[PDB]
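Below is one structure, written out as structure tokens; comments come after it.
Each answer follows from the model by the rule given with it, or from the source it names; nothing here is a laboratory result. Don't worry about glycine lacking a Cβ; one is built from the backbone with ideal geometry, like all the others, and counts go over all protein chains shown.
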Amino acid sequence: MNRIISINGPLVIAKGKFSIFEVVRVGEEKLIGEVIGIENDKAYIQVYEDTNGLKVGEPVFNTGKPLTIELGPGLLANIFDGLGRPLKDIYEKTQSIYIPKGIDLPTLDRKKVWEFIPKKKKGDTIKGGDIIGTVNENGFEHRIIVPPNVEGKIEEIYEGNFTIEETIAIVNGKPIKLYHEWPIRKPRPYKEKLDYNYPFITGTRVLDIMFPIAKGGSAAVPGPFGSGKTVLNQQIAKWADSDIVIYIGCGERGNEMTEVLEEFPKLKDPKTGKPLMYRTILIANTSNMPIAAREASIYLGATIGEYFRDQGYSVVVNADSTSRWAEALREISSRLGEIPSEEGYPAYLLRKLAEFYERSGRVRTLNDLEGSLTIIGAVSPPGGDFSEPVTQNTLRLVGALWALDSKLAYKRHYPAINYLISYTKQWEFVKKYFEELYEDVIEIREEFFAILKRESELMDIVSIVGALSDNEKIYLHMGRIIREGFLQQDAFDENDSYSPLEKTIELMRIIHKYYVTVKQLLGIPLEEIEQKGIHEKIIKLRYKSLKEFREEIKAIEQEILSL
Amino acid sequence: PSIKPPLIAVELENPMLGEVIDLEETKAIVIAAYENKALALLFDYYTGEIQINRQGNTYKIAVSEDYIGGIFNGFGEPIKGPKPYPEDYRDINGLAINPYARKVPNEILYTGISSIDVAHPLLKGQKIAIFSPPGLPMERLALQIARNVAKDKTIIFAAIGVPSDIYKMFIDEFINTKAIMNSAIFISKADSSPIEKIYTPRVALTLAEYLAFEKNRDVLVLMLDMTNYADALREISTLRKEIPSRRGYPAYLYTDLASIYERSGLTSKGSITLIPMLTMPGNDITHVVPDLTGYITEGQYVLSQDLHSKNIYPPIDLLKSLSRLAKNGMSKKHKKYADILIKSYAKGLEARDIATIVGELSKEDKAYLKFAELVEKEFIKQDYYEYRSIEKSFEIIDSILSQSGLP
Amino acid sequence: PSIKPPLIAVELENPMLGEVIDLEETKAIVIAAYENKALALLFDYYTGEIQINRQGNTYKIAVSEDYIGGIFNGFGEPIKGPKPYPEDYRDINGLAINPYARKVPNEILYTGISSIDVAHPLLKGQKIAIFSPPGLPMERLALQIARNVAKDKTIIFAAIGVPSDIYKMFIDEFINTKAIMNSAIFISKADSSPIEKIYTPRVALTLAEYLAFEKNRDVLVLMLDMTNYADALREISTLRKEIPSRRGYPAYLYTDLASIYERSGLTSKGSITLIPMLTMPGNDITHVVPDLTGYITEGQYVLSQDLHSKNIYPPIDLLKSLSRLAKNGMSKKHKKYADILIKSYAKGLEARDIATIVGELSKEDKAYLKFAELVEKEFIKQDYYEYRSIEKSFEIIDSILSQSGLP
Ligand SMILES: Nc1ncnc2c1ncn2[C@@H]1O[C@H](COP(=O)(O)OP(=O)(O)O)[C@@H](O)[C@H]1O
Ligand SMILES: [Mg+2]
Ligand SMILES: [Mg+2]
Ligand SMILES: [Mg+2]
Ligand SMILES: [Mg+2]
Ligand SMILES: [Mg+2]
Ligand SMILES: [Mg+2]
Ligand SMILES: [Mg+2]
């Protein structure tokens, strides 16, 4: 009955009867689509697959359901596409290296056998979001939370080994599974937003001390191509203090998803000793995969993030890159013949971005536990111009700017964080933590910022001889030490890749200790101080084991003999 | 009919511009009308079909003192719970104030902040904006001002599309300072319909005009962020098939912003003191939003990335900032101090510029150089919880002048 | 009906998007379809009336090893003479590779070029672009690379709208180096239909995927010029009444470029190494074409007008250039040399900048200054017919370090 009357890129127009946001199946090959607009008897459909070869003489099928994701055991340590289709299973079914158009598989493995341990008894009353039991998912305690809409008395509840489609309990005559479906465009409910409490520790020094955010916060990472967004996000995905990590590859390179698949199983969590992959979920919609599925991948990853948050866990979502999602919005808007706003983007760009970032936050869950969803969004401004709409809109939504800089990347200073332009609006919520466990880090942080700023002021004068007084040269000296010994961090060195707080704090302390000594000694020249070569030893510290780092610090502390 | 949220296209006999229409689970505002064709903007998420009940009027709110102590959305509907008394209903657009009926502001509201009080004081009934680069503590500045100038006044806070972290920062401070019971808060979320966003400052100012000019009160209105407001206006302007201007913003942006900012001022009966806050997109004051706002408000407090990087709070640029009506409220002594501060700081900054050349030039120019350094360190720099009397601010200036070698 | 070459407007019962239609003396591709209206792009010059035969399918080519040793147009049709075996027909758009099925490139392909091999080595299966200002020897660089990394591999050359001088330069070098028999060449002329231009890289990569992933070969693909490709895409986008983006280029330019560049890589069975070449219009790397390409390829070799003016071939900017996957293939020794070269050259360039001031500054900074001079003269500068082993490149660095006074 329903028929296509037009095909324009990812946009299909069909005559028939439809509902807004209904998932439809387009053409004889039944491509997944979603109704985004209705005008009388016509429906405007964005198709999540390639539309080349589609015909005006073709049917469109109703489903009567919105776009959903299966939430349960089977997500962890696996890679999915923008629609939640498992790429490993696609490979195995097709026996091909290519992604076919129109393939439909269930998200969660239907044959894997799980062990369910109940936490409720028969006759217990249950409400939405309650933990009905737990499943061990390769070392992770997956909490089976009942859907927000289920409530009543447990008439039956089982225990033991089950697959995903099997009934594990019965409430008010309704079967409960190990999984439930949820519309990705719909934010998952909670009880109340909580105050920030605790810093988000990344394992990257510049992000942990200089511009930290709180757990449940959000940050933007804009930069030109080659500035280091992807590596920075992967570093966070590797070492972040978090229960669950969700990496969304939104419109980026296929090899970068493959890289994670290759490396994460070899790496060990510094907090559990378990391999990183077991806490990681990968969502991949590469640059050449269907453009509309980029939007799906963003809402999908957020929804899964909320799901683990609802279990009372801390979650981080890395989105690389949000600009590709913006391109998808612009393309859909263009086909719809909507009037473009600034830079060709639709006028509702800010509102759409907000639908993503407003999902972040620390909350009291429906089951009265505390959970957090932290969101890191990479941005890819054209030509590295930060004044563009995606970057600027994002800055009015997030809690920090982690700005990447061409000039630093140029000279291989990584992370290429611009320490003058970057900011965090959440230092007031995390300074408590650092004060308690490390008294002098607040002063030293201010000191680092003061030196980097002063060095910056001096480099313009330097373009008139490099003639400066010793009281000025000391800022270039200390600035170099902070940049090369603290801010810089090699993601691909076995010792420097991860920086625990102990190492981070100790580095700050030895730099500060060197600083107070050098200042006292101004009134012997700086030329004679630098000759001792203590600065070069400090700079090399970050490359050392840990039980070589501590030894070298002891060695440096004595060598700071101003006697 | 047509649906693409938040927009619906609908057939109506004799459509009224601005007309409120009831649907099953929601309302809409008619934003366009030709013959029997209408375009409407949904109040919120809607998916049902579009059976229509026409109210036969534009959007109005019941005005009373019931709002005081409460939290509401952009439409003036209660979030916390209890509805205010229906009715005494008022057009939320209101009317232009007759300039014959106005009184020019002439009474300084002391903030306790030196960088404001001396050279750029806020006057009762004045409208003055805060311009900020992204990331700078504009919110802390507004709260510190509100804490000191509204001890006796009703505070109305309009949150326009800001994230929860931001509006909760305000709410929590109002609660901790016990100002919450004498405040009315209107919030439109960042992902809300654009119609709710642009109505937010209108319902807040409709209440403000009622409280100030009917109940004879002095009122303080804070609103943030005007850049989000302009974005919502552009969204609506683009849904209407309007011919876009600079950066997609509607041609009437100045006039629309004015229809908000000019709903402030002083009369014989009461006053509305208005502080609109905005983020300057690329830290560019020439961007259309801060530029048009500059042409309307009676001055602005401009925050500085440079001062922020020097760990100076509040990071106020003394020279880019301006209070147009300031002179109306200043004594001859106050005028003298403001002039000496502004002129000497400016000369100090010029001397600073060439100091990245001659290094360290004239004796006279070494005195101004030091003055500017001390102004930033001892005068501008001030704690978030610190209140300085105007006399204390003068004393600091006197002390700095001596340290510098200037008279 | 309508004709304005290369565009025809035509009436079809149930049009198929991308459908190939036969005319008397030529073919066309349906690029738009609403109800029974279609827009089509002619393959070539046509003037006759528009009786239509519908193939009922999108454009496909017969895949085989028959292309090897031959020269073809953008549609894959033979220029030299003999047609390849029909069929085994494949959609020229192909399919996205499953990232689960990929292997990350980790094997260095040595070019023999020091400015590439040390700091920015090319890996097998990598996609890496060459960005050039107009006039610079980008073609010589690509040929020198192809000469050394494809001695054992099939070379596929896609010429997209380049003048005859350019594509004949490639053909003649392949002939003189005896690489022509193990090469497949696809050429669309500068004045050809835009549909032939955008199909050129698609038919070339369809063959490449067949050879690499079905016949288990390592393949090298060279394509030039991507700026001409984007121009053809814009031409088609504008013929469709699409809403233009920056500089008239279509909004989906990134996605379309990616649909080409990402058809490369490494698997257990074989590899496609891809080198797209483009001219940066006003020598501006921030122009939309090099900028989007930069966001997609796994690095780029950037040519420098400054080095060219100093008579340096190849004029590679060591610092603007990048190989993203380089570290995957480098030994610890190789990593050490790359780091020392990049960091010291950069410091040398900074010292050079201030040398137009202090003239000739620090002893340490005089050593870096000399290092950068010698890097350009003895390391980067290299003959078009010269091959340097990686060991030889390391030796040069060692020698320069000594001459400079650095360790
Ligand atoms: N912390 C780091 N340590 C070492 N190398 C880095 C680091 N960050 C970035 N890089 C290097 O910089 C290059 C670009 O990084 P990438 O994340 O791909 O940039 P983007 O995603 O911004 O285009 C890569 O080759 C990578 O090896
Ligand atoms: Mg496996
Ligand atoms: Mg990247
Ligand atoms: Mg978290
Ligand atoms: Mg009434
Ligand atoms: Mg009225
Ligand atoms: Mg066949
Ligand atoms: Mg095929």
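Which of the residues that make up region A:268-295 are more than 14 Å from chain C (Cβ to nearest Cβ) and farther than 16 Å from A:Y247 by Cβ?
A:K268, A:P270, A:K271, A:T272, A:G273, A:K274
Which fully enclosed strands (runs of 3 or more DSSP E) of region C:1-118 have 1 or more residues being under 30 Å from C:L143 (Cβ atoms) and out of contact with any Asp or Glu (no Cβ under 7 Å at 6 or more places or on another chain)?
Values: elements: C:2-4, C:7-11, C:19-22, C:27-34, C:37-42, C:53-58, C:60-62, C:71-73, C:89-91.
The qualifying strands (runs of 3 or more DSSP E) are C:60-62, C:71-73, C:89-91.
Taking the residues in region B:87-106 that are farther than 30 Å from B:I195 by Cα and surrounded by fewer than 16 Cβ atoms within 10 Å (Cβ to Cβ) as candidates, determine which candidate is farthest from ligand 1 (Cβ to nearest atom).
Of everything passing the filter in region B:87-106, B:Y100 is farthest from ligand 1 (Cβ to nearest atom).
Confirm whether A:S334 is polar (S, T, N, Q), within 14 Å of chain C (Cβ to nearest Cβ), within 25 Å of C:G294 (Cα to Cα) and not in a helix (DSSP H, G or I).
Values: polar (S, T, N, Q): yes; within 14 Å of chain C (Cβ to nearest Cβ): yes; within 25 Å of C:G294 (Cα to Cα): yes; not in a helix (DSSP H, G or I): no.
Against the criterion (polar (S, T, N, Q), within 14 Å of chain C (Cβ to nearest Cβ), within 25 Å of C:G294 (Cα to Cα) and not in a helix (DSSP H, G or I)), A:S334 does not qualify.
From the set of residues in region C:130-167 that are β-branched (V, I, T) and outside any helix (DSSP H, G or I), which is nearest to C:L303 (Cα to Cα)?
Within region C:130-167, the subset β-branched (V, I, T) is C:130, C:145, C:149, C:154-156, C:160, C:162, C:166.
Imposing the further condition that a residue be outside any helix (DSSP H, G or I) reduces the set to C:130, C:154-156, C:160, C:162.
Values: C:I130: 8, C:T154: 26, C:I155: 23, C:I156: 23, C:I160: 20, C:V162: 19 Å.
Step by step, filter region C:130-167, then rank; the result is C:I130.
Can you tell which of B:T238, B:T293 is within 14 Å of another protein chain (Cβ to nearest Cβ), surrounded by 18 or more Cβ atoms within 10 Å (Cβ to Cβ) and among the hydroxyl-bearing types (S, T, Y)? Please lay out each step first, then the result.
Numbers: B:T293 fails: within 14 Å of another protein chain (Cβ to nearest Cβ).
Testing whether each residue is within 14 Å of another protein chain (Cβ to nearest Cβ), surrounded by 18 or more Cβ atoms within 10 Å (Cβ to Cβ) and among the hydroxyl-bearing types (S, T, Y) leaves just B:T238.
Taking B:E49 as the residue in question, decide whether it is more than 28 Å from A:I332 (Cα to Cα) and either touching a helix residue (DSSP H, G or I) at 6+ places or on another chain (Cβ under 7 Å) or away from ligand 4 (no atom under 16 Å from the Cβ) (or both).
Numbers: more than 28 Å from A:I332 (Cα to Cα): no; either touching a helix residue (DSSP H, G or I) at 6+ places or on another chain (Cβ under 7 Å) or away from ligand 4 (no atom under 16 Å from the Cβ) (or both): yes.
In short, no.
Only one of these is within 13 Å of chain A (Cβ to nearest Cβ) and among the charged types (D, E, K, R): C:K381, C:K335, C:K370, C:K377. Name it. Explain how you work it out, then say what you get.
Values: C:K381 fails: within 13 Å of chain A (Cβ to nearest Cβ); C:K370 fails: within 13 Å of chain A (Cβ to nearest Cβ); C:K377 fails: within 13 Å of chain A (Cβ to nearest Cβ).
From the options C:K381, C:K335, C:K370, C:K377, the qualifying one is C:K335.
Looking at region B:206-233 only, could you name the residues that are within 14 Å of chain A (Cβ to nearest Cβ) and out of contact with any strand residue (DSSP E or B) (no Cβ under 6 Å at 6 or more places or on another chain)? Working first, answer last.
So in region B:206-233, the residues within 14 Å of chain A (Cβ to nearest Cβ) come out as B:224-233.
Those that are within 14 Å of chain A (Cβ to nearest Cβ) and out of contact with any strand residue (DSSP E or B) (no Cβ under 6 Å at 6 or more places or on another chain): B:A230, B:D231, B:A232, B:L233.
Filtering region A:98-127 down to residues that are of a type in the set (A, V, I, L, M, F, W, C), in contact with a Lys or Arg (Cβ under 8 Å, 6 or more places away or on another chain) and in the same structural domain as A:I304 (by CATH), which residue is nearest to ligand 4 (Cβ to nearest atom)? Give the steps one after another, and end with the answer.
Here is the first cut: in region A:98-127, the residues of a type in the set (A, V, I, L, M, F, W, C) are A:99, A:103, A:105, A:108, A:113-114, A:116-117, A:126.
If we keep only those that are in contact with a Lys or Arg (Cβ under 8 Å, 6 or more places away or on another chain) as well, we get A:103, A:105, A:126.
Next, from what is left, pick out any that are in the same structural domain as A:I304 (by CATH): A:103, A:105.
Details: A:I103: 34, A:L105: 30 Å.
The residue in question is A:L105.
Before we move on, is B:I185 away from ligand 6 (no atom under 16 Å from the Cβ) and more than 21 Å from B:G270 (Cα to Cα)?
Numbers: away from ligand 6 (no atom under 16 Å from the Cβ): yes; more than 21 Å from B:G270 (Cα to Cα): no.
Taking the combined requirement at face value, the residue does not satisfy it.
Between a first residue in region B:83-100 that is more than 14 Å from chain A (Cβ to nearest Cβ) and away from ligand 7 (no atom under 16 Å from the Cβ) and a second residue that is assigned to a loop (DSSP other than H, G, I, E, B) and of a type outside the set (D, E, K, R), which pairs have beta carbons less than 6 Å apart while being 6 or more apart in sequence or on different chains?
Hits for this filter: B:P84/B:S64; B:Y85/B:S64; B:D88/B:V63; B:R90/B:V63; B:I92/B:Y59.
Kindly indicate the residue of region C:49-64 that is hydroxyl-bearing (S, T, Y) and within 12 Å of chain A (Cβ to nearest Cβ) and also surrounded by the fewest Cβ atoms within 10 Å (Cβ to Cβ) among those meeting that condition.
Within region C:49-64, the first condition is being hydroxyl-bearing (S, T, Y), and the residues that meet it are C:58-59, C:64.
With the extra rule that they be within 12 Å of chain A (Cβ to nearest Cβ), the set shrinks to C:58-59.
On the way: C:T58: 17, C:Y59: 22.
Of everything passing the filter in region C:49-64, C:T58 is surrounded by the fewest Cβ atoms within 10 Å (Cβ to Cβ).
Taking the conditions exactly as written (more than 22 Å from A:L395 (Cβ to Cβ), surrounded by fewer than 24 Cβ atoms within 10 Å (Cβ to Cβ) and within 14 Å of chain A (Cβ to nearest Cβ)), does B:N176 satisfy them or not?
Values: more than 22 Å from A:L395 (Cβ to Cβ): yes; surrounded by fewer than 24 Cβ atoms within 10 Å (Cβ to Cβ): yes; within 14 Å of chain A (Cβ to nearest Cβ): yes.
Against the criterion (more than 22 Å from A:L395 (Cβ to Cβ), surrounded by fewer than 24 Cβ atoms within 10 Å (Cβ to Cβ) and within 14 Å of chain A (Cβ to nearest Cβ)), B:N176 qualifies.
Kindly indicate whether A:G377 is assigned by CATH to the domain that holds A:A214 and crowded, with 24+ Cβ neighbours inside 10 Å. Full working, then the answer.
Values: assigned by CATH to the domain that holds A:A214: yes; crowded, with 24+ Cβ neighbours inside 10 Å: yes.
Considered against the rule, which asks whether it is assigned by CATH to the domain that holds A:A214 and crowded, with 24+ Cβ neighbours inside 10 Å, A:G377 comes out as yes.
Among the numbered conditions (1) surrounded by 19 or more Cβ atoms within 10 Å (Cβ to Cβ); (2) under 21 Å from the mean Cα position of the chain (by Cα), tell me where A:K186 comes up short.
(1)
Do any helices (runs of 4 or more DSSP H) lying entirely in region A:515-563 carry at least 1 residues that are on the phi < 0 side of the Ramachandran plot and loosely packed, with under 11 Cβ neighbours inside 10 Å, and which ones are they?
Values: elements: A:526-530, A:534-539, A:549-559.
Those helices (runs of 4 or more DSSP H) span A:526-530, A:549-559.
Report those helices (runs of 4 or more DSSP H) wholly inside region C:194-311 carrying at least 3 residues which are over 22 Å from C:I180 (Cα atoms), away from ligand 2 (no atom under 16 Å from the Cβ) and within 14 Å of the chain's Cα centre (by Cα). Walk me through how you get there before you give the answer.
Values: elements: C:194-213, C:226-239, C:253-261, C:288-294, C:305-309.
Those helices (runs of 4 or more DSSP H) span C:226-239, C:253-261, C:288-294.
Considering C:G69, C:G76, which residue is more than 16 Å from ligand 4 (Cβ to nearest atom), away from every other protein chain (no Cβ under 11 Å), at positive phi and surrounded by fewer than 16 Cβ atoms within 10 Å (Cβ to Cβ)? Show your work before the answer.
Working: C:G76 fails: surrounded by fewer than 16 Cβ atoms within 10 Å (Cβ to Cβ).
After applying the criteria, what remains is C:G69.
Could you list, in sequence order, all residues of region A:201-228 that are in a helix (DSSP H, G or I), surrounded by fewer than 24 Cβ atoms within 10 Å (Cβ to Cβ) and either under 14 Å from the mean Cα position of the chain (by Cα) or within 16 Å of ligand 4 (Cβ to nearest atom) (or both)?
Across region A:201-228, the qualifying residue is only A:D208.
Name the residue that is surrounded by the most Cβ atoms within 10 Å (Cβ to Cβ), counting only residues in region C:241-270 that are among the hydroxyl-bearing types (S, T, Y) and closer than 23 Å to C:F131 by Cβ. Steps first, answer last, please.
Quick first cut of region C:241-270, residues among the hydroxyl-bearing types (S, T, Y) only: C:245, C:249, C:252, C:254-255, C:259, C:261, C:264, C:267-268.
Then keep just the ones that are closer than 23 Å to C:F131 by Cβ; that gives C:245, C:249, C:252, C:254-255, C:259, C:261, C:264.
On the way: C:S245: 23, C:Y249: 20, C:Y252: 23, C:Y254: 26, C:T255: 24, C:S259: 21, C:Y261: 25, C:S264: 28.
Among those that are among the hydroxyl-bearing types (S, T, Y) and closer than 23 Å to C:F131 by Cβ, it is C:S264.
Taking the conditions exactly as written (more than 9 Å from every other protein chain (Cβ to nearest Cβ) and either surrounded by 24 or more Cβ atoms within 10 Å (Cβ to Cβ) or not charged (D, E, K, R) (or both)), does A:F264 satisfy them or not? If you could, list the steps in order and put the result at the bottom.
Details: more than 9 Å from every other protein chain (Cβ to nearest Cβ): yes; either surrounded by 24 or more Cβ atoms within 10 Å (Cβ to Cβ) or not charged (D, E, K, R) (or both): yes.
Against the criterion (more than 9 Å from every other protein chain (Cβ to nearest Cβ) and either surrounded by 24 or more Cβ atoms within 10 Å (Cβ to Cβ) or not charged (D, E, K, R) (or both)), A:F264 qualifies.
Can you give me the ranges of the helices (runs of 4 or more DSSP H) entirely in region A:384-493 with at least 2 residues that are surrounded by fewer than 21 Cβ atoms within 10 Å (Cβ to Cβ) and more than 14 Å from chain B (Cβ to nearest Cβ)?
Details: elements: A:389-395, A:406-410, A:427-437, A:441-458, A:470-482.
Per the criteria, A:406-410, A:427-437, A:470-482.
From A:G128, A:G139, A:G173, which residue is out of contact with any helix residue (DSSP H, G or I) (no Cβ under 8 Å at 6 or more places or on another chain) and on the phi > 0 side of the Ramachandran plot?
On the way: A:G128 fails: on the phi > 0 side of the Ramachandran plot; A:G139 fails: out of contact with any helix residue (DSSP H, G or I) (no Cβ under 8 Å at 6 or more places or on another chain).
The unique qualifying residue is A:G173.
Kindly indicate the residue of region A:353-381 that is among the small types (G, A, S) and either assigned to a strand (DSSP E or B) or within 14 Å of chain B (Cβ to nearest Cβ) (or both) and also farthest from ligand 5 (Cβ to nearest atom) among those meeting that condition. Give the steps one after another, and end with the answer.
Taking region A:353-381 and keeping what is among the small types (G, A, S), we get A:354, A:360-361, A:371-372, A:377-378, A:380.
Checking which are either assigned to a strand (DSSP E or B) or within 14 Å of chain B (Cβ to nearest Cβ) (or both) leaves us with A:354, A:360-361, A:371-372, A:377-378.
Details: A:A354: 36, A:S360: 43, A:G361: 41, A:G371: 47, A:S372: 47, A:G377: 48, A:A378: 53 Å.
Among them, the one singled out is A:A378.
If you take the residues of region A:84-103 that are under 30 Å from A:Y158 (Cβ atoms) and assigned to a loop (DSSP other than H, G, I, E, B), which of them is farthest from the other protein chains (Cβ to nearest Cβ)?
Restricting attention to region A:84-103, the residues satisfying the condition of being under 30 Å from A:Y158 (Cβ atoms) are A:84-86, A:88-89.
Still in the list and also assigned to a loop (DSSP other than H, G, I, E, B): A:84-85.
Numbers: A:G84: 15, A:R85: 11 Å.
By that ranking, first place goes to A:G84.
Of everything in region B:151-166, what is more than 14 Å from every other protein chain (Cβ to nearest Cβ) and either within 18 Å of B:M181 (Cβ to Cβ) or more than 14 Å from the chain's Cα centre (by Cα) (or both)? Give them in sequence order. It would help to see each step written out before you state the result.
Going through region B:151-166, the residues more than 14 Å from every other protein chain (Cβ to nearest Cβ) turn out to be B:151-158.
Matches in region B:151-166: B:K151, B:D152, B:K153, B:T154, B:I155, B:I156, B:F157.
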